[PDB]
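The form deposited in one PDB entry is given below as one chain in structure tokens.
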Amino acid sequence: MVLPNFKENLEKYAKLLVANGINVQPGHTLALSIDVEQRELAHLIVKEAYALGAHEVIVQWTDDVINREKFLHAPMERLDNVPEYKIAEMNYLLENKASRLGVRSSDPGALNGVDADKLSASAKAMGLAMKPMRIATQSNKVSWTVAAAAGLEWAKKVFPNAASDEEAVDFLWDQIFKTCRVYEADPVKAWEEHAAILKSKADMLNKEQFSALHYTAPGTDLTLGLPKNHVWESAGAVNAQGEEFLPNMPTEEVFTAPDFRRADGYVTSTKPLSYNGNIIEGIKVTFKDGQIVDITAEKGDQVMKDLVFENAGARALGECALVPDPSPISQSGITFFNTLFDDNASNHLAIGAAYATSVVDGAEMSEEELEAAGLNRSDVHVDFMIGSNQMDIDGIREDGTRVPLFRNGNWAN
């Protein structure tokens, strides 16, 4: 009722994720991560990947309830290390240059019961064990895409105003379809148009080559240095095999990496965050000489400290992204409690790893060369949102000139 032609649009969505998000090509292997709740979408995705000439789809099924039981009941020794067979599966994917399509529909509070130390122990061990995959994906060795599906518990959280559980799921699918341009008579041209607009903006910032950025808002006075030869990117990426792909669907951001050594001041989150299956609220981060010197949260304080202080590289930033407050997802007024969606409603910063393509020729650099160039090396990448209808940002030029970039949450001069 609130959603037109669900089955047809679900198929159209699945084909878009495969053809334009991951861009499957004859001979590819595709790894799909998707919740068991979303078997209907998984079937559609798998069929199209094979129709586009994939040699193999490997589905990594995920399930919130079973994962919570494990975190609630398994002893630490089953939680604080990653079994070799999981690493072996990882290596099979990498040896086959598998594209990674991650469809997220998870409950934002999936792990609300769980002891903080177990959450921390499991995230650190995963960050360590999965490093080769993170490195490959972050330097675009293979295609990869993060997209969403309308999970029940998630939809319930997003739409308290819904008349039923079924209706809440439908409004969530309507957002996912709307923002991924599924309703457009030609979604592919619609994405081309969207990529082209965002690319105009990124190209302009790339001409500027600011020295640093200065963000001001009620929770926030933060200055970030920008690496020499940095690259602002947006909607499309290109993999090491020359193929175009979309890392995030939906997406509304242009972003680059700050120099992980230059950050000073303080910043306040402006959206709740789902991290380690807990909802984190009111994050305040303080930086001195590039490093987080203090992080607190009104809710989820320990979980955030554990992220920052237990994981390699997690005391510095790997991304600074700009999304105008008047853009569609933001203007919807909807809080998604979901990084993919909320990132695309608000300026965001990532704790941890820079994308290698954030510096000219980064895709070719050793890890040593990336760190030399100012791109944080880390075993995590955790975005949090700082944007609002009040935020100002200036770019600082090499002659000391402050150039307005955002005024009252929007591009301005």
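Numbers follow the displayed sequence, beginning with 1.
message: I need to verify one thing: averaged over C-alpha atoms only, is the B-factor higher for 233 to 241 or for 253 to 261?
response: According to the entry, 233 to 241 carries the higher average C-alpha B-factor.
message: Regarding 311 to 319 and 161 to 169, which shows the higher C-alpha temperature factor on average in the entry?
response: Higher mean C-alpha B-factor: 161 to 169.
task: Name the residue from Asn248, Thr223, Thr220, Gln302 with the greatest C-alpha temperature factor listed in the entry.
output: So the option with the highest C-alpha B-factor is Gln302.
message: Comparing recorded Cα B-factors across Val267, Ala148, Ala116, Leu213, which one is largest?
response: So the option with the highest C-alpha B-factor is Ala116.
task: Using the B-factors in the PDB entry, rank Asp294's C-alpha atom against the chain and give the third, lowest, middle or highest.
output: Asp294: CA B-factor falls in the highest third of its chain.
message: Quick check on the deposited entry: does the C-alpha B-factor of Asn206 sit in the lowest, middle or highest third of its chain?
response: Middle third.
message: Considering every modelled residue of the chain and its Cα B-factor in the PDB entry, is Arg134 in the lowest, middle or highest third?
response: For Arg134, the deposited C-alpha B-factor lands in the highest third.
query: Is the Cα B-factor recorded for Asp342 in the lowest, middle or highest third of its chain?
result: Ranked within chain, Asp342 CA B lands in the lowest tercile.
task: Quick one: classify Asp107 as lowest, middle or highest third of the chain based on its Cα B-factor.
output: For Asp107, whose C-alpha B-factor we compare with every modelled residue in the chain, the answer is the lowest third.
Heads up, the form deposited in another entry isn't pictured, but that's what we're talking about next.
query: in the other form, do the Cα atoms of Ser327 and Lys15 sit closer or farther apart than here, given a shift of 3 Å or more?
result: Note: Cα gap between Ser327 and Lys15 shrinks in the other form.
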